[PDB]
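Just one chain is shown here, as structure tokens, and it is the form deposited in one PDB entry.
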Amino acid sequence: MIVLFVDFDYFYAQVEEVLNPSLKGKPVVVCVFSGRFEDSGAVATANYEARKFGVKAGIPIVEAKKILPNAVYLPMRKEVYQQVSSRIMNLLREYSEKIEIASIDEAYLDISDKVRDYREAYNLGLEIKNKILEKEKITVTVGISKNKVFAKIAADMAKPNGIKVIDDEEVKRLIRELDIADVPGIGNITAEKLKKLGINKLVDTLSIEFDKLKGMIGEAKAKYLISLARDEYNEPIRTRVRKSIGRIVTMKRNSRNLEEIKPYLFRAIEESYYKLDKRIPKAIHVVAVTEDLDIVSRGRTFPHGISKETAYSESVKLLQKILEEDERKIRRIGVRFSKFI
């Protein structure tokens, strides 16, 4: 099996650059303004000009502005980026019908048929890179290997605007030398749990008693890491299906007042329903981000579809359940609809 992974470079910001080319070369910072106070919020993404100075996704807009006061700061326009993304995905869809659209800027291609051996794969990558740059003016990084995980890792090592192949020889080299934190799906939480078990490299997972691994990071994650170390990971390429649609907003002030939170919750509901399409959900969850950035939620699954009236009514009950069972003041509030009919 030959997997070719495509990852769009600093996507949101690059799109802004495409829509306003005079931005090229300047530090571009795409932000999610929360509205709590001037420049409150965080960086969704930044181009490399900004990233080389420390301005990257996750940092407060206020911090970024202290580092780069003269950079271009733009509000995130999700809808625009999503339409551009869809156009790029269709284009790849013609390089294979075996495609996995992992996110707004990542897709995996099973080019096991369209090619044989890594020479042609690499050639096909450049074809894809040049095609996308040509038709959309978007640069992307291509990663190629035997499975999804190493194809992605390949891209992680080649970005930005690169292409790379990890063949059956390097895979083994990485299995013992690749820092395990750099393995997809291994975040900071898991990375630390594995460090405490003496696991710093993928191969170390084979020196531990499985039942201990399972105990520490869960069975799924355990089998995942073990399979990769045995050089046996081989999940198939297939675009998952949207299983949930939702919206969460930040209130001006943290609150615990119902009549004060509602308008936010209802706005969340209104946007969620618009996003729903003609999809009808049978489950609804109210999600609240507490004052100490803790996430709490209460939901309910109905034996039938939820109309917007029912959603408005149930959400209030769920919200009251949250306020009732959690003392902290509330900072962000939203809803999520799932179990579509």
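Sequential numbering from 1, following the sequence displayed. Only the largest set of C-alpha atoms that superpose within 1.5 Å between the two forms is called the rigid core.
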Taking only the CA atoms, which stretch has the higher mean B-factor in the record, 170-178 or 69-77? 170-178
Between 16-24 and 324-332, point out the one with the higher average CA B-factor as the PDB entry records it. 324-332
Of the residues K148, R87, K114, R267, the one carrying the largest Cα B-factor as recorded: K114
Have a look at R238, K223, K152, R247 and flag the one whose Cα has the highest B-factor in the entry. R238
Quick check on the deposited entry: does the C-alpha B-factor of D105 sit in the lowest, middle or highest third of its chain? lowest
Lowest, middle or highest third: which one holds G198 when the chain's residues are ordered by CA B-factor from the entry? highest
For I280, the third of its chain into which the C-alpha B factor falls: middle
Sorting the chain's modelled residues by C-alpha B-factor, tell me whether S227 ends up in the lowest, middle or highest third. middle
Position of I341 among the chain's modelled residues by C-alpha B-factor, lowest, middle or highest third: highest
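Keep in mind that the form deposited in another entry is missing from the display, and what follows is about it.
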Identity of the moved residue from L213, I269, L92, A71, C-alpha shift 2 angstroms or more, core fit between this form and the one not shown: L213
For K195, does the CA position differ by 2 Å or more between this form and the one not shown when the superposition is done on the rigid core? yes
After fitting the core, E309 CA displacement of 2 Å or more between this form and the one not shown: no
